[PDB]
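This report refers to the structure that appears directly beneath it.
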Amino acid sequence: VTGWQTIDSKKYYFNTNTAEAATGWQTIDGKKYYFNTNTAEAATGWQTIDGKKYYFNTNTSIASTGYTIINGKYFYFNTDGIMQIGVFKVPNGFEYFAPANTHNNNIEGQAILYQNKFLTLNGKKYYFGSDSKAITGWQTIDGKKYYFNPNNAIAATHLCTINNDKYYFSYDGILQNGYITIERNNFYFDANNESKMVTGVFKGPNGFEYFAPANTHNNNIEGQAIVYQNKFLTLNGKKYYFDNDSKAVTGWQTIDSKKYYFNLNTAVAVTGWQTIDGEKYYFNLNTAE
Amino acid sequence: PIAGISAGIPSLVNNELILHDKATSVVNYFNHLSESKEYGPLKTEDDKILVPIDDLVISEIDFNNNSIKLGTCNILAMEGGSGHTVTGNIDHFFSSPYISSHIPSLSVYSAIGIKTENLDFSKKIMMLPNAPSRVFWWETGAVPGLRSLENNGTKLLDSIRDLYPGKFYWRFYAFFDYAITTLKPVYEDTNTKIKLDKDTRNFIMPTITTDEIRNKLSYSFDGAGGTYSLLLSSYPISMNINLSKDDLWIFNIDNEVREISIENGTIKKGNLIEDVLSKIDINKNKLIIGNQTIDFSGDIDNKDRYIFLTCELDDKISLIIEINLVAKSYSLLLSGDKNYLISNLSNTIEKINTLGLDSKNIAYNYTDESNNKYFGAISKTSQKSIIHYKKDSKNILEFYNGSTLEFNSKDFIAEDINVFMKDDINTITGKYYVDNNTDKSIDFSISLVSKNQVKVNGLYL
């Protein structure tokens, strides 16, 4: 009986030429049929093989599907067919599969009703709410600002580019906002518009600094703080002037033998009628002085 | 795994080496160099080998006293900060303490808590330390929101901070969240003294990719009475072998003769480099093999010294280069099963020719599982071979041409058998007894030539 036998209550298969019951692993029809070592017992549903666990279709057929329903059990099979214990995407979302002793004393691989909680495998952070599926995107658990990658539901935990909108996430994954140090360069991810990588001039640990755009000074990076050795710039609408070092100034200062002023809160050029503890001086609309 | 996988492989940024760029990568480096308070300086892997914590500098390995001594994972210090406070393991500051390379440095091998003395060097396979002495210029960036990270690395950093109550505030609050960001190491020249015991020890030379790490680390094995081995790495490291009296030195040159490939942080051996062993420096003071210069300083005057270099030509055949340093000479041995060796002798010979060894004759000294000793010789040219052995008090000799048996005597009736080959010709010298008479003794020297034909070179009556 070369090829497919009459099952004989054991789903027997034989070699096409050798006519032998090839126990072990065999790729019939491009599949992963495991024939039991006893004689040829083949599929027995559950089948632990060298530690690797496989569930087989009782009605003969094949066992490599993923997202398979078996007597109320939903299990994931990878390309080869080994059972996994991770969080994997079914067409209904990123479902989490847990060991036996997690919840309800289930069987290893059950889609546990894990909701409204965080979870991790190897530092890879996921969160579940309502349905037991990932909510990949921007999330605000307890007022935080987590971001889970839609590709893999894994929370971003570093400098991540989203819609050309680079953000910084800590080791946990929370969106960090303010003055940050990436490698040895200094960046500002301002929280005013929910923590974008800004390229303006904002407060730092040692005074206001110019987070310049690309190639503004040497081959710098976008939003990177640069040394601005006592120069003149005006990005758009507001003039800016710093000290000898890159740090800015917020007080009565002179540049070209012209008296100048900058706001106490922010180091912005004082233009328009602005009375400063006395005479207004008519800070000019342009090149104020 | 190749050196630096668990801890980090430094990269040459600008003109300085930096192994870790992120704040949490540095904490992970300390976490990796915090296992020694739980696994010890040496951790057991595969139940067969001892491996040191990766990038943990070890200066002394005293096998005799079962003791270890570490080098200097020394890290710089700070000075400053007014109104310092500690709340929730977080250092709140009024000023900003700054790194200083002009003050005494702070050692992590005083708060890590190494069990240096009385360790278990029972397993006879060991991996050599892959870390020279290091000094760490670390820069504290303004990374925010790391005042919740609780690993073993943060425990080690807190211990270092606690042990130096005035300096090394690893993560602080200079009105902003500040923490370690970079680790820039320089490597002082390091010499590791491994004091060999009277037992047999086997060493694995780590493969360090960064040449600046490799050129600043050296090994020094003080010899004793025993047999010791060493797995040479394809990336050479300076070594100083102290030749003792009547000791056996083995240098596995598997990585030094095979195409090395690095993937997944692991070494894979490929094809043999052509003419890798074509010219071997066999000077009586040092041995340069293909790129590795072993320094032999000590009892280098021993005229009976023999070092051995082992390379696995096949899964079963092993090639052993037996070298005498004082004579600056080398010879080849081709162990393995005699049936398997004869079946594919041509592949072995072409592999040896690819290696570049010019030894025209090879010896054969197999010892199987059931204490059967198959001695013999192989000619590099013409691929002839003689295999003599004993089975059930019977002397069997087999002469193979290439791979076909052209002679076989299953009962060689003669005592004191000794075979040797001149170039391609082979000769067996023995003591036949005439008609099983101990008084009638005839010494013979014979040459086996094809089927049922033996050339009698000499007789003595």
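Residue numbers (our numbering), protein chains in the order written: chain U, 8 to 296; chain B, 266 to 726. Where a beta carbon is used, it is the ideal one built from N, C-alpha and C, also for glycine.
Please name the residue or residues paired with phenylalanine 433 of chain B in a DSSP beta bridge. For the purposes of this step, residue 433 of chain B is taken as residue 168 along the second sequence, with counting starting at 1. Answer by DSSP bridge pairing: none, since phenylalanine 433 of chain B is not bridged.
Determine the chain U residues that contact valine 408 of chain B at a beta-carbon separation under 9 Å, and present them in chain order. Stepping through the second sequence from its first residue, residue 408 of chain B is reached at position 143. Under the 9 Å cutoff, chain U gives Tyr175, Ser177, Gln183, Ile187, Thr188, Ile189.
I'd like the list of long-range same chain contacts for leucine 620 of chain B, defined as Cβ closer than 7 Å, with 5 residues on each side in sequence excluded. Walking along the second sequence from the start, residue 620 of chain B turns up at place 355. Answer for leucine 620 of chain B: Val522, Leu537, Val541, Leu542, listed in chain order.
For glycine 406 of chain B, list the residues DSSP reports as bridge partners. Position 141 of the second sequence, counted from the start, is the residue given in the question as residue 406 of chain B. Answer is B:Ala444, bridged to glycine 406 of chain B.
What does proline 212 of chain U touch in chain B if you count any residue whose Cβ is under 9 Å from its own? Counting from 1 along the first sequence, the entry for residue 212 of chain U is found at position 205. Within 9 Å Cβ-Cβ: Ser361, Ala407, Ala439, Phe440, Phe441, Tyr443.
Taking its Cβ as the centre, do 16 or more other Cβ atoms sit within 10 Å of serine 526 of chain B, making it buried, or is it exposed? For the purposes of this step, residue 526 of chain B is taken as residue 261 along the second sequence, with counting starting at 1. By the neighbour-count rule (16 or more Cβ atoms within 10 Å), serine 526 of chain B is not buried but exposed.
Which residues DSSP lists as bridging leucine 598 of chain B, in chain order: In the second sequence, counting from the first residue as 1, residue 598 of chain B sits at position 333. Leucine 598 of chain B is bridged to B:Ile585, B:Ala628.
Could you check whether the Cβ of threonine 613 of chain B sits closer than 8 Å to any Cβ belonging to chain U? As a working note, residue 613 of chain B is residue 348 in the second sequence. No - not a single Cβ of chain U is within 8 Å of the one on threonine 613 of chain B.
Less than 8 Å between CB atoms is the rule here; does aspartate 286 of chain B satisfy it with respect to chain U? Reading the second sequence from its first residue, position 21 is the one you call residue 286 of chain B. Judged by the 8 Å Cβ criterion, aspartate 286 of chain B is in contact with chain U.
What residue range does the beta strand (DSSP E) around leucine 495 of chain B cover? Residue 495 of chain B sits at position 230 when you count from the first residue of the second sequence. That run of the beta strand (DSSP E) goes 492-496.
Given a limit of 9 Å on CB to CB distance, which residues of the region 289-320 of chain B reach chain U? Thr289, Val292
In chain order, what residues of the same chain have a beta carbon less than 7 Å from the beta carbon of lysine 140 of chain U, not counting five sequence neighbours either side? As a working note, residue 140 of chain U is residue 133 in the first sequence. So the list reads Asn99, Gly100, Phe101, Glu102, once near-sequence residues are dropped.
So is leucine 411 of chain B in contact with chain U if we call contact Cβ pairs under 8 Å? On the second sequence, position 146 is the one that residue 411 of chain B refers to. True, the Cβ-Cβ gap to chain U drops below 8 Å.
With three or more C-beta pairs closer than 8 Å as the rule, is the region 273-282 of chain B touching the region 299-315 of chain B? no
Of all the CB atoms in chain U, is at least one closer than 8 Å to the CB of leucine 414 of chain B? Working through the second sequence from its first residue, we reach residue 414 of chain B at position 149. Judged by the 8 Å Cβ criterion, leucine 414 of chain B is in contact with chain U.
Kindly list the residues whose CB is nearer than 7 Å to the CB of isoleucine 283 of chain U, restricted to its own chain and excluding five residues on each side of it in sequence; keep chain order. Locating residue 283 of chain U in the first sequence gives position 276, where the first residue counts as 1. Result list for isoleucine 283 of chain U: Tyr268, in chain order.
With 8 Å set as the bound, which would you pick, yes or no: does the beta-carbon of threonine 446 of chain B sit closer than that to a beta-carbon of chain U? Residue 446 of chain B sits at position 181 when you count from the first residue of the second sequence. By this cut-off, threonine 446 of chain B is an interface position.
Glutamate 539 of chain B touches chain U at which residues, Cβ-Cβ below 9 Å? Within the second sequence, residue 539 of chain B is the residue found at index 274, counting from 1. Near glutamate 539 of chain B there are no residues of chain U at all, since even the closest Cβ is about 39 Å away, more than 9 Å.
Quick test of the definition: if touching needs 3 or more C-beta pairs under 8 Å, does the region 281-297 of chain B touch the region 491-505 of chain B? no
Out of U:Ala163, U:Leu120, U:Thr127, which has the shortest C-alpha to C-alpha gap to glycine 136 of chain U? Counting from one through the first sequence, the residue named residue 136 of chain U turns up at place 129. Per the Cα distances, U:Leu120.
Give the DSSP-derived three-state secondary structure of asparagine 691 of chain B in the structure shown. Position 426 of the second sequence, counted from the first residue, corresponds to residue 691 of chain B. Strand.
Mind checking who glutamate 286 of chain U pairs with in its DSSP beta bridge? Taking the first sequence and counting its residues from 1, the one referred to as residue 286 of chain U is at position 279. Answer by DSSP bridge pairing: none, since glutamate 286 of chain U is not bridged.
Hey, quick one: how far does the alpha helix (DSSP H) through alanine 288 of chain B stretch, first residue to last? Counting from one through the second sequence, the residue named residue 288 of chain B turns up at place 23. Looking at the DSSP string, the run of the alpha helix (DSSP H) that includes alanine 288 of chain B is 288-297.
State the DSSP-derived secondary structure class of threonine 619 of chain B, mapped to helix, strand or coil. By one-based count along the second sequence, residue 619 of chain B stands at place 354. Here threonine 619 of chain B sits in helix by DSSP.
What residue from U:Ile148, U:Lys131, U:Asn129, U:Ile181 has the CA that sits closest to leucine 411 of chain B's CA? Position 146 of the second sequence, counted from the start, is the residue given in the question as residue 411 of chain B. Cα-wise, what sits closest to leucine 411 of chain B is U:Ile181.
Can you find a CB in chain U that lies within less than 8 Å of the CB of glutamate 281 of chain B? For the purposes of this step, residue 281 of chain B is taken as residue 16 along the second sequence, with counting starting at 1. Not closer than 8 Å to any Cβ of chain U, the Cβ of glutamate 281 of chain B fails to qualify, so no.
What would DSSP say about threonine 646 of chain B, mapped onto helix, strand or coil? Here residue 646 of chain B corresponds to residue number 381 of the second sequence, with the count starting at 1. Three-state result, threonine 646 of chain B: coil.
What is the C-beta distance between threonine 273 of chain U and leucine 292 of chain U, in whole angstroms, given that I count them as a contact (C-beta under 8 Å)? Stepping through the first sequence from its first residue, residue 273 of chain U is reached at position 266. Stepping through the first sequence from its first residue, residue 292 of chain U is reached at position 285. Going by Cβ atoms, the distance from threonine 273 of chain U to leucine 292 of chain U rounds to 19 Å, so no, they are not a contact pair.
Does the distance from the CB of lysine 96 of chain U to the CB of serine 71 of chain U come in under 8 Å? As a working note, residue 96 of chain U is residue 89 in the first sequence. As a working note, residue 71 of chain U is residue 64 in the first sequence. Not in contact: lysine 96 of chain U and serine 71 of chain U (Cβ atoms no closer than 8 Å).
Could you check if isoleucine 678 of chain B is buried or exposed, using at least 16 other CB atoms within 10 Å of its CB as the buried criterion? Counting from one through the second sequence, the residue named residue 678 of chain B turns up at place 413. So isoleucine 678 of chain B counts as exposed.
Quick one: grab the DSSP three-state call for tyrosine 268 of chain U. The sequence position of residue 268 of chain U within the first sequence is 261, counting from 1. The answer is coil: DSSP assigns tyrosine 268 of chain U none of H, G, I, E or B.
From the DSSP secondary-structure annotation, give me the bridge partner or partners of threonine 575 of chain B. Taking the second sequence and counting its residues from 1, one reaches residue 575 of chain B at position 310. Answer by DSSP bridge pairing, in chain order: B:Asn517, B:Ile585.
List the endpoints of the continuous alpha helix (DSSP H) containing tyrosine 605 of chain B. The residue labelled residue 605 of chain B in the question sits at position 340 within the second sequence. 603-608 is the span of the alpha helix (DSSP H), which, as asked, contains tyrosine 605 of chain B.
When the cut-off is 8 Å and only beta carbons count, does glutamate 404 of chain B lie next to chain U? Position 139 of the second sequence, counted from the start, is the residue given in the question as residue 404 of chain B. So, interface residue.
Given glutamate 115 of chain U, which residues of its chain have a CB within under 6 Å of its CB, disregarding the five upstream and five downstream residues? Along the first sequence, one-based indexing puts residue 115 of chain U at 108. Within the same chain, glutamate 115 of chain U has close Cβ partners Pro106, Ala107.
Are the CB atoms of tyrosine 62 of chain U and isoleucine 77 of chain U nearer to each other than 8 Å? Reading the first sequence from its first residue, position 55 is the one you call residue 62 of chain U. Reading the first sequence from its first residue, position 70 is the one you call residue 77 of chain U. Yes, these two residues count as a Cβ contact at 8 Å.
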